[PDB]
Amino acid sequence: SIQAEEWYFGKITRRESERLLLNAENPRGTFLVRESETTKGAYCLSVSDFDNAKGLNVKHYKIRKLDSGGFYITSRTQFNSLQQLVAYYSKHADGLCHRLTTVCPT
């Protein structure tokens, strides 16, 4: 049950996700998962980042879900659940702008 997850914001827009994440109190890695505005069945992982170049900014990654059961951002690294995916990206930055650190505050 993904909607039970505190990091799951469900049906919110891309603009809303960025409004929530662009708060100055948010450290790098602040994140949320929401439905994709356009892609049916896909989820979107929105993550805050920060650097002296760009300052505070937001990145979006598409989370695909296979009828065959797997969840993934890259087909090479798949998970049995969205929860396991989130747990894995909280420790490995891999190709993400930062590892997932803190759930986005409302």
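Just count from 1 along the sequence shown to find any residue number. Take the two forms, find the largest set of C-alpha atoms that superpose within 1.5 Å, and that set is the rigid core.
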- After a core fit, does 49-57 or 76-84 show the bigger CA gap to the shown form in 7 other deposited structures of this protein? 49-57
- Query: Taking RMS over all structures and residues, which stretch has CA atoms farther from the shown form in 7 other deposited structures of this protein, 19-27 or 89-97, after a rigid core fit?
  - Reply: 19-27
- Message: Which is higher on mean Cα B factor in this entry, 50-58 or 75-83?
- Response: 50-58
- Mind pulling up the entry and telling me whether 28-36 or 60-68 has the higher mean Cα temperature factor? 60-68
- Task: Determine, from the deposited record, the chain-internal third of the Cα B-factor for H98: lowest, middle or highest.
- Result: lowest
